[PDB]
Amino acid sequence: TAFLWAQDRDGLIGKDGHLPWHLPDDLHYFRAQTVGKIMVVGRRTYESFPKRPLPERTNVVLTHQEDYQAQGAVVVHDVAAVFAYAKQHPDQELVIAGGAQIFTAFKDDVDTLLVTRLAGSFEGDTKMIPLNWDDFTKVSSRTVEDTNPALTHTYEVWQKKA
Ligand SMILES: CN(Cc1cnc2nc(N)nc(N)c2n1)c1ccc(C(=O)N[C@@H](CCC(=O)O)C(=O)O)cc1
């Protein structure tokens with residue numbers, strides 16, 4: 001279990017399913033935090049991708065529908081199902097990308113929280129759920145600037161105390 005999402009100083013994490021801004025640098029970190037491991041995306045995030053299914057790593061789609069289809073991607077509709085699939089692979093980890101509906105499902109199972117805090121402000125309707133940052137600690141933090149000042153991003157890594 002590993003949370004992973006990108007937000008700005010306002011807390012927004014997307015807009016109409018697709019992102020409002022464009023941070024190509026963050027896309028390079030997503031490919032490294034997915035290839036080799038198991039990717040977990042919902043239905044709104046699955047269609048948000050341009051090329052589907054996503055190669056280089058396993059695809060795990062979770063929705064409340066029982067009539068979906070995808071040649072190459074895995075279609076599941078049970079929390080225990082996604083857990084049994086992750087337990088079967090000891091050399092893989094469960095990465096939660098989104099959307100917010102999927103994050104609510106894996107709320108009682110998360111120790112590492114990866115998030116990218118930006119600097120420029122943006123407008124949108126998609127926001128991040130209310131999490132508790134008092135029972136966590138930051139051990140890793142790398143600031144990365146981009147060509148513009150509004151496209152600045154900082155990779156933060158929070159972890160549970162015990
Ligand atoms: C909309 N979306 C979801 C998305 C976008 N930004 C994020 N940013 C962070 N920090 N974390 C996430 N989970 C995240 N998820 C996307 C958009 C593009 C690709 C994508 O093309 N990924 C390629 C990147 C390859 C390339 O750069 O060409 C990969 O192989 O993973 C994936 C998810």
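All residue numbers here begin at 1 and follow the chain in the order shown.
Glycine too: its Cβ is placed from the backbone N, Cα and C atoms.
The feature domain 'DHFR' is assigned by Swiss-Prot to 1-160, with sequence analysis given as support.
DSSP assigns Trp5 (substrate binding site) to a strand segment in the three-state reduction. Feature annotation from Swiss-Prot assigns substrate binding site to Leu4, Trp5, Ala6, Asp26, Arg31, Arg57, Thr116; the stated evidence is a curator's inference.
Residues or ranges marked as NADP(+) binding site in Swiss-Prot: 5-6, 13-18, 42-45, 62-65, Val79, 97-102. Under DSSP, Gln65 (NADP(+) binding site) is assigned to coil, being neither helix nor strand in the three-state scheme.
Annotation for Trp21 (site 'May be important for enzyme function'): spatial neighbours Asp8, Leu118, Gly120, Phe122, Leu151, criterion Cβ-Cβ under 8 Å with sequence separation of six or more. Per Swiss-Prot, site 'May be important for enzyme function' is recorded for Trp21.
Listed in sequence order, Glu56 are the same-chain residues at least 6 apart in sequence whose CB falls under 8 Å from the CB of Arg31 (substrate binding site). Sequence annotations record features per position, and here Swiss-Prot assigns methotrexate binding site to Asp26, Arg31, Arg57.
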Under 8 Å by Cβ from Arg57 (substrate binding site), counting only residues of that chain that are 6 or more apart: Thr34, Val35, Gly36, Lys37, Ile38, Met39
From binding-site residues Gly14, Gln65, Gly98, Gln101, the one whose Cα lies nearest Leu4 (substrate binding site): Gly98
Where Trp21 (site 'May be important for enzyme function') falls in three-state DSSP terms: coil
Contacting binding-site residues for ligand 1, chosen from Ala6, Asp26, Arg43, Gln65, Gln101, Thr116 when the Cβ sits under 6 angstroms of any of its atoms: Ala6, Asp26, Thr116
Listed binding-site residues among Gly17, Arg43, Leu62, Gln65, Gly98 whose Cα sits within 10 Å of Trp5 (substrate binding site): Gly98
